[PDB]
>>> print(open('input.tsv').read())   # TSV, C-alpha atoms
chain	number	residue	atom	x	y	z
J	814	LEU	CA	-34.31	-15.35	30.28
J	815	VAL	CA	-31.64	-16.02	27.66
J	816	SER	CA	-32.91	-13.28	25.36
J	817	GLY	CA	-31.81	-10.58	27.80
J	818	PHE	CA	-28.53	-12.44	27.95
J	819	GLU	CA	-28.16	-12.15	24.16
J	820	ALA	CA	-29.17	-8.47	24.32
J	821	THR	CA	-26.45	-7.59	26.81
J	822	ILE	CA	-23.93	-9.70	24.84
J	823	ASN	CA	-24.67	-7.72	21.68
J	824	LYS	CA	-24.43	-4.41	23.54
J	825	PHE	CA	-21.00	-5.42	24.86
J	826	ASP	CA	-19.92	-6.69	21.43
J	827	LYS	CA	-20.86	-3.48	19.61
J	828	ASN	CA	-19.17	-1.32	22.25
J	829	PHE	CA	-15.96	-3.39	22.37
J	830	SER	CA	-15.63	-3.52	18.58
J	831	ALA	CA	-16.15	0.25	18.30
J	832	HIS	CA	-13.55	0.97	20.97
J	833	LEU	CA	-11.09	-1.48	19.39
J	834	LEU	CA	-11.28	0.38	16.11
J	835	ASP	CA	-11.01	3.77	17.87
J	836	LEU	CA	-7.90	2.70	19.79
J	837	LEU	CA	-6.25	1.39	16.64
J	838	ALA	CA	-7.09	4.70	14.97
J	839	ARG	CA	-5.51	6.69	17.80
J	840	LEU	CA	-2.40	4.48	17.71
J	841	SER	CA	-2.07	4.64	13.92
J	842	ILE	CA	-1.34	8.39	13.77
J	843	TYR	CA	1.96	7.84	15.63
J	844	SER	CA	5.33	8.64	13.96
J	851	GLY	CA	11.27	-0.60	15.99
J	852	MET	CA	8.06	0.89	17.22
J	853	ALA	CA	5.36	-0.53	14.92
J	854	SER	CA	5.72	-4.01	16.41
J	855	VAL	CA	2.81	-3.24	18.75
J	856	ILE	CA	0.30	-2.72	15.92
J	857	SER	CA	1.74	-5.53	13.79
J	858	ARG	CA	1.69	-7.99	16.69
J	859	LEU	CA	-1.86	-7.24	17.85
J	860	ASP	CA	-3.26	-8.21	14.44
J	861	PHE	CA	-1.02	-11.05	13.30
J	862	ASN	CA	-3.67	-12.49	10.97
J	863	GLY	CA	-6.07	-9.59	11.14
J	864	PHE	CA	-9.49	-9.41	12.74
J	865	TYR	CA	-11.16	-5.97	13.12
J	866	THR	CA	-8.10	-4.41	11.48
J	867	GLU	CA	-9.78	-1.63	9.52
J	868	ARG	CA	-13.44	-2.34	8.85
J	869	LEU	CA	-14.37	1.27	8.03
J	870	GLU	CA	-12.25	3.21	5.55
J	871	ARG	CA	-11.12	6.70	6.51
J	872	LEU	CA	-13.83	8.97	5.11
J	873	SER	CA	-13.10	12.43	3.73
J	874	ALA	CA	-14.79	15.39	2.07
J	875	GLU	CA	-13.78	18.98	1.39
J	876	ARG	CA	-15.24	22.05	3.09
U	7	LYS	CA	-23.84	40.41	-8.28
U	8	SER	CA	-25.38	38.13	-5.63
U	9	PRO	CA	-23.40	34.87	-5.24
U	10	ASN	CA	-26.38	32.53	-5.73
U	11	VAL	CA	-27.12	33.57	-9.32
U	12	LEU	CA	-23.35	33.76	-9.95
U	13	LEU	CA	-23.23	29.99	-9.38
U	14	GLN	CA	-25.74	29.53	-12.20
U	15	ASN	CA	-23.68	31.76	-14.51
U	16	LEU	CA	-20.69	29.53	-13.71
U	17	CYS	CA	-22.72	26.41	-14.58
U	18	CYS	CA	-23.54	27.80	-18.03
U	19	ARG	CA	-19.94	28.64	-18.74
U	20	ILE	CA	-18.59	25.21	-17.76
U	21	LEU	CA	-21.39	23.17	-19.30
U	22	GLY	CA	-22.95	24.18	-22.61
U	23	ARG	CA	-26.37	23.66	-20.99
U	24	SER	CA	-28.64	26.64	-20.29
U	25	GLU	CA	-29.85	27.76	-16.85
U	26	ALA	CA	-33.46	26.78	-17.58
U	27	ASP	CA	-32.55	23.44	-19.20
U	28	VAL	CA	-31.28	21.96	-15.94
U	29	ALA	CA	-31.71	22.89	-12.31
U	30	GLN	CA	-29.99	19.86	-10.73
U	31	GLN	CA	-26.44	21.12	-11.32
U	32	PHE	CA	-27.36	24.51	-9.92
U	33	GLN	CA	-28.99	22.69	-7.00
U	34	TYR	CA	-25.74	20.88	-6.29
U	35	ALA	CA	-23.91	24.23	-6.41
U	36	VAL	CA	-26.44	25.60	-3.90
U	37	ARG	CA	-25.94	22.41	-1.84
U	38	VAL	CA	-22.20	22.92	-1.40
U	39	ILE	CA	-22.02	26.75	-1.26
U	40	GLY	CA	-24.92	26.94	1.18
U	41	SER	CA	-24.02	26.19	4.83
U	42	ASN	CA	-20.49	27.21	3.80
U	43	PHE	CA	-21.85	30.59	2.72
U	44	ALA	CA	-19.39	32.73	4.75
U	45	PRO	CA	-15.58	32.38	4.53
U	46	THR	CA	-14.27	30.33	7.43
U	47	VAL	CA	-11.12	28.73	5.97
U	48	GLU	CA	-7.64	29.98	6.88
U	49	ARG	CA	-4.88	30.93	4.44
U	50	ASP	CA	-1.20	30.12	4.66
U	51	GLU	CA	-0.03	31.22	1.21
U	52	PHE	CA	3.65	31.10	2.26
U	53	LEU	CA	3.59	27.29	2.49
U	54	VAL	CA	1.68	26.95	-0.77
U	55	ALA	CA	4.22	29.15	-2.61
U	56	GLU	CA	6.95	26.88	-1.24
U	57	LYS	CA	4.94	23.90	-2.50
U	58	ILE	CA	4.62	25.26	-6.04
U	59	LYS	CA	8.39	25.77	-6.20
U	60	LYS	CA	9.06	22.13	-5.22
U	61	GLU	CA	6.66	21.05	-7.98
U	62	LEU	CA	8.44	23.15	-10.58
U	63	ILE	CA	11.78	21.65	-9.53
U	64	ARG	CA	10.10	18.23	-9.88
U	65	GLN	CA	9.53	18.97	-13.60
U	66	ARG	CA	13.37	19.24	-13.85
U	67	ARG	CA	12.91	22.64	-15.48
U	68	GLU	CA	14.73	24.82	-12.97
U	69	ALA	CA	14.75	28.13	-14.82
U	70	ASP	CA	10.94	28.14	-14.74
U	71	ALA	CA	10.79	27.43	-11.00
U	72	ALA	CA	12.42	30.85	-10.46
U	73	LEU	CA	10.42	32.61	-13.17
U	74	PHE	CA	7.26	31.68	-11.27
U	75	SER	CA	8.88	33.15	-8.14
U	76	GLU	CA	9.13	36.56	-9.78
U	77	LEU	CA	5.62	36.21	-11.19
U	78	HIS	CA	4.36	35.25	-7.72
U	79	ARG	CA	6.00	38.39	-6.30
U	80	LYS	CA	3.92	40.57	-8.66
U	81	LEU	CA	0.58	39.56	-7.10
U	82	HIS	CA	1.76	41.04	-3.79
U	83	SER	CA	3.38	43.94	-5.65
U	84	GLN	CA	0.05	45.16	-7.01
U	85	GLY	CA	-2.08	44.13	-4.03
U	86	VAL	CA	-5.58	45.07	-5.21
U	87	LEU	CA	-6.86	41.57	-4.47
U	88	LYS	CA	-8.74	40.02	-1.56
U	89	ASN	CA	-6.66	36.92	-0.83
U	90	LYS	CA	-3.79	35.81	-3.00
U	91	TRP	CA	-4.19	32.35	-1.49
U	92	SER	CA	-7.68	31.50	-2.73
U	93	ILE	CA	-7.41	31.40	-6.53
U	94	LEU	CA	-4.00	29.75	-6.21
U	95	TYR	CA	-5.44	27.04	-3.96
U	96	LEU	CA	-8.22	26.47	-6.49
U	97	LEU	CA	-5.73	26.29	-9.37
U	98	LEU	CA	-3.40	23.93	-7.51
U	99	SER	CA	-6.19	21.56	-6.48
U	100	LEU	CA	-7.40	20.98	-10.05
U	101	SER	CA	-4.01	19.93	-11.33
U	102	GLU	CA	-3.41	17.30	-13.97
U	103	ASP	CA	-0.03	15.86	-14.90
U	104	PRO	CA	1.62	17.54	-17.94
U	105	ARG	CA	4.17	14.72	-17.33
U	106	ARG	CA	7.02	17.25	-17.37
U	107	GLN	CA	5.56	20.13	-19.50
U	108	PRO	CA	6.79	19.63	-23.12
U	109	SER	CA	6.51	23.47	-23.62
U	110	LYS	CA	5.91	26.86	-21.98
U	111	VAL	CA	5.73	30.21	-23.78
U	112	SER	CA	6.95	32.19	-20.71
U	113	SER	CA	4.86	35.19	-21.91
Z	11	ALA	CA	-8.75	60.12	-14.57
Z	12	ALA	CA	-5.35	58.45	-14.19
Z	13	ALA	CA	-5.66	56.45	-10.97
Z	14	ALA	CA	-9.01	55.08	-12.19
Z	15	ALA	CA	-7.44	53.62	-15.33
Z	16	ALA	CA	-4.45	52.45	-13.30
Z	17	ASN	CA	-6.94	50.58	-11.12
Z	18	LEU	CA	-8.44	49.12	-14.31
Z	19	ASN	CA	-4.87	48.22	-15.30
Z	20	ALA	CA	-4.09	46.47	-11.99
Z	21	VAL	CA	-6.78	43.83	-12.48
Z	22	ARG	CA	-5.93	43.35	-16.17
Z	23	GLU	CA	-2.29	42.66	-15.29
Z	24	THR	CA	-3.15	40.22	-12.51
Z	25	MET	CA	-5.61	38.39	-14.77
Z	26	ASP	CA	-2.74	38.02	-17.27
Z	27	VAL	CA	-0.23	36.59	-14.79
Z	28	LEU	CA	-2.88	34.24	-13.40
Z	29	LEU	CA	-3.44	33.07	-16.97
Z	30	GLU	CA	0.16	31.86	-17.06
Z	31	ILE	CA	-0.33	30.25	-13.64
Z	32	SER	CA	-3.43	28.47	-14.98
Z	33	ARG	CA	-1.63	26.72	-17.79
Z	34	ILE	CA	1.52	25.76	-15.91
Z	35	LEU	CA	-0.50	24.03	-13.18
Z	36	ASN	CA	-2.56	22.34	-15.93
Z	37	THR	CA	-6.18	22.99	-15.06
Z	38	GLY	CA	-9.09	22.65	-17.47
Z	39	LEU	CA	-10.22	26.17	-16.68
Z	40	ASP	CA	-9.79	28.74	-19.44
Z	41	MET	CA	-9.77	32.53	-19.13
Z	42	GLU	CA	-13.57	32.82	-19.29
Z	43	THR	CA	-14.18	30.43	-16.40
Z	44	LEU	CA	-11.19	32.05	-14.66
Z	45	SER	CA	-12.87	35.45	-14.62
Z	46	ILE	CA	-15.88	34.12	-12.74
Z	47	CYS	CA	-13.69	32.31	-10.23
Z	48	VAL	CA	-11.57	35.43	-9.68
Z	49	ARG	CA	-14.74	37.47	-8.98
Z	50	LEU	CA	-15.88	34.82	-6.47
Z	51	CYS	CA	-12.55	34.88	-4.68
Z	52	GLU	CA	-12.57	38.68	-4.85
Z	53	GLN	CA	-15.58	38.55	-2.57
Z	54	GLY	CA	-13.95	35.79	-0.56
Z	55	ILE	CA	-15.21	32.19	-0.65
Z	56	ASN	CA	-13.88	28.73	0.32
Z	57	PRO	CA	-11.64	27.44	-2.49
Z	58	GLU	CA	-12.23	24.00	-0.96
Z	59	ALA	CA	-15.87	24.41	-1.91
Z	60	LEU	CA	-15.12	25.65	-5.43
Z	61	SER	CA	-12.69	22.77	-6.11
Z	62	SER	CA	-15.26	20.07	-5.30
Z	63	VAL	CA	-17.91	21.82	-7.39
Z	64	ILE	CA	-15.68	22.09	-10.47
Z	65	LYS	CA	-14.48	18.52	-10.06
Z	66	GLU	CA	-18.14	17.53	-10.32
Z	67	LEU	CA	-19.26	19.99	-13.05
Z	68	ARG	CA	-16.39	18.96	-15.26
Z	69	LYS	CA	-17.42	15.37	-14.48
Z	70	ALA	CA	-20.98	16.42	-15.42
Z	71	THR	CA	-20.18	16.98	-19.09
Z	72	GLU	CA	-17.76	14.11	-19.88
Z	73	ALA	CA	-20.02	11.27	-18.74
Z	74	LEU	CA	-23.48	12.87	-18.70
Z	75	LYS	CA	-23.35	14.59	-22.10
>>> encode(input="input.tsv", output="structure tokens")
Amino acid sequence: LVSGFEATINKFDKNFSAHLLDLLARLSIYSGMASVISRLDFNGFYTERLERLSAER
Amino acid sequence: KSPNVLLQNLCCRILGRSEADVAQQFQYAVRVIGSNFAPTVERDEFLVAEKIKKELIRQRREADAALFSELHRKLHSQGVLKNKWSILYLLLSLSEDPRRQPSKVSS
Amino acid sequence: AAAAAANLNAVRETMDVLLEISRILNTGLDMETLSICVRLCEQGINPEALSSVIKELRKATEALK
């Protein structure tokens, strides 16, 4: 079918987007060194789609 | 006292409302205190003393940054307390800006 | 006794120095609310809990009353 095609495409899309945001998170904690993060999003797309959440204990 | 009813005493001091008028505020107090019921946080009161002194220099009143140092010594000098860190963390967290403190009585 | 009134003194002094600390850090807590919070932290409790509660309860009488 092409429906199972679409299903696997959406699985891959969700997983790749999630891992893209996780990798940018793990690179953002660091510290002419910021040229990696500035170059990878030169116009933005999936830059920060979820704000950093916080609550107190 | 048991801590659970102590929360409801606190709610009637802060708000003028009685403890039978509302139960939602007390329910929020039970919501946060419960499943945090035991102390699990760590204290480092040395760093927080050093952070109050930087704040009192930031007011540009420098005589009062060292008066607090001698008043901060007295809490250890008596030493009848549980943690010196806890009430000071509470009182630092609720801070508003006095902009530079246009007075202080200094006892 | 003497050491039993000196124990009653040693809280009354600390509650008086903490009252100076309360106004120089500019909280909205007065002495009456302070006495409850000092009993709670005498037993030991998360101040991170207490801070979020009082930031809401103070916000529960300036927009809900």
>>> interface_residues(input="input.tsv", of="chain J", to="chain U", cutoff="12 Å", atoms="all atoms listed in the file", output="list in words")
residues 874, 875 and 876 of chain J
>>> closest_residue(input="input.tsv", among="Z:57, Z:73, Z:64, Z:48", to="chain J", atoms="only C-alpha atoms")
Z:57
>>> atom_distance(input="input.tsv", atom1="CA of residue 50 (chain U)", atom2="CA of residue 94 (chain U)")
11.2 Å
>>> atom_distance(input="input.tsv", atom1="CA of residue 24 (chain U)", atom2="CA of residue 74 (chain Z)")
14.8 Å
>>> interface_residues(input="input.tsv", of="chain U", to="chain Z", cutoff="9 Å", atoms="all atoms listed in the file", output="count of residues only")
52
>>> atom_distance(input="input.tsv", atom1="CA of residue 71 (chain U)", atom2="CA of residue 59 (chain U)")
5.6 Å
>>> residues_near_point(input="input.tsv", point="(-7.3, 7.3, 12.7)", cutoff="12 Å", atoms="only C-alpha atoms", output="list in words")
residues 833, 834, 835, 836, 837, 838, 839, 840, 841, 842, 843, 866, 867, 869, 870, 871, 872 and 873 of chain J
>>> build_atoms(input="input.tsv", residues="region 829-842 of chain J", atoms="N, CA, C and O atoms", output="compact mmCIF listing (two decimals), in the frame of the given file")
# COMPACT_ATOMS: atom_id res chain seq x y z
N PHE J 829 -17.35 -2.97 22.36
CA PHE J 829 -15.96 -3.39 22.37
C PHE J 829 -15.35 -3.30 20.98
O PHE J 829 -14.18 -2.91 20.84
N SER J 830 -16.12 -3.65 19.94
CA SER J 830 -15.63 -3.52 18.58
C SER J 830 -15.36 -2.07 18.21
O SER J 830 -14.32 -1.74 17.62
N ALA J 831 -16.30 -1.18 18.58
CA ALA J 831 -16.15 0.25 18.30
C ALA J 831 -14.91 0.81 18.97
O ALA J 831 -14.12 1.52 18.34
N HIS J 832 -14.71 0.47 20.24
CA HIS J 832 -13.55 0.97 20.97
C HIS J 832 -12.24 0.37 20.48
O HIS J 832 -11.21 1.05 20.51
N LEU J 833 -12.27 -0.88 20.00
CA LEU J 833 -11.09 -1.48 19.39
C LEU J 833 -10.66 -0.72 18.15
O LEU J 833 -9.46 -0.42 17.96
N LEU J 834 -11.62 -0.36 17.32
CA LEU J 834 -11.28 0.38 16.11
C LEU J 834 -10.83 1.81 16.44
O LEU J 834 -9.92 2.33 15.80
N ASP J 835 -11.43 2.43 17.47
CA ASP J 835 -11.01 3.77 17.87
C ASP J 835 -9.59 3.77 18.43
O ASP J 835 -8.81 4.70 18.17
N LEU J 836 -9.24 2.75 19.22
CA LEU J 836 -7.90 2.70 19.79
C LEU J 836 -6.86 2.46 18.71
O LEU J 836 -5.76 3.04 18.76
N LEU J 837 -7.18 1.61 17.73
CA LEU J 837 -6.25 1.39 16.64
C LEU J 837 -6.09 2.65 15.80
O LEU J 837 -4.98 2.93 15.33
N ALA J 838 -7.17 3.42 15.66
CA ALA J 838 -7.09 4.70 14.97
C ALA J 838 -6.17 5.67 15.71
O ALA J 838 -5.31 6.31 15.10
N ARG J 839 -6.33 5.76 17.03
CA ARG J 839 -5.51 6.69 17.80
C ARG J 839 -4.06 6.22 17.94
O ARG J 839 -3.19 7.05 18.24
N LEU J 840 -3.78 4.94 17.73
CA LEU J 840 -2.40 4.48 17.71
C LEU J 840 -1.77 4.58 16.33
O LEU J 840 -0.54 4.62 16.21
N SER J 841 -2.60 4.66 15.28
CA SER J 841 -2.07 4.64 13.92
C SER J 841 -1.46 5.98 13.51
O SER J 841 -0.67 6.03 12.57
N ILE J 842 -1.83 7.07 14.18
CA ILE J 842 -1.34 8.39 13.77
C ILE J 842 0.11 8.59 14.16
O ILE J 842 0.77 9.53 13.68
